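**Student:** Just dropping this structure here.
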């Protein structure tokens with residue numbers, strides 16, 4: 001159970017992204033997802 005580099009990610013979602021990526025803003029996705 002982890003957030004991939006494409007799925008939304010809240011700064012307080014409580015979960016973490018896969019591998020070792022963080023939650024950044026994606027202009028192209030006009031939202032906030034991991035990378």
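Residue numbers (the entry's author numbering): 1 to 35. Every residue, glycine too, gets a C-beta built ideally from N, C-alpha and C.
Which first and last residues belong to the beta strand (DSSP E) in which residue 34 is found?
**Tutor:** For the purposes of this step, residue 34 is taken as residue 34 along the chain shown, with counting starting at 1. Looking at the DSSP string, the run of the beta strand (DSSP E) that includes residue 34 is 31-34.
**Student:** Where does residue 28 sit, in a helix, a strand or coil, going by DSSP?
**Tutor:** The count along the chain shown starts at 1 and reaches residue 28 at position 28. Here residue 28 sits in helix by DSSP.
**Student:** Looking only at its own chain, which residues have a Cβ that is under 7 Å from the Cβ of residue 21, when we skip the five neighbours before and after it?
**Tutor:** On the chain shown, position 21 is the one that residue 21 refers to. The residues are 5, 34 and 35.
**Student:** Going along the chain, which residues of its own chain have a beta-carbon closer than 8 Å to the beta-carbon of residue 24, five neighbours each way excluded?
**Tutor:** Start at 1 with the first residue of the chain shown, and residue 24 comes out as number 24. Excluding positions up to five away in sequence, the list reads 32, 33, 34 and 35.
**Student:** Nearest by alpha-carbon distance to residue 30: which of 15, 9 and 19 is it?
**Tutor:** Here residue 30 is taken as the residue at index 30 of the chain shown, counted from 1. Here the closest residue by C-alpha is 9.
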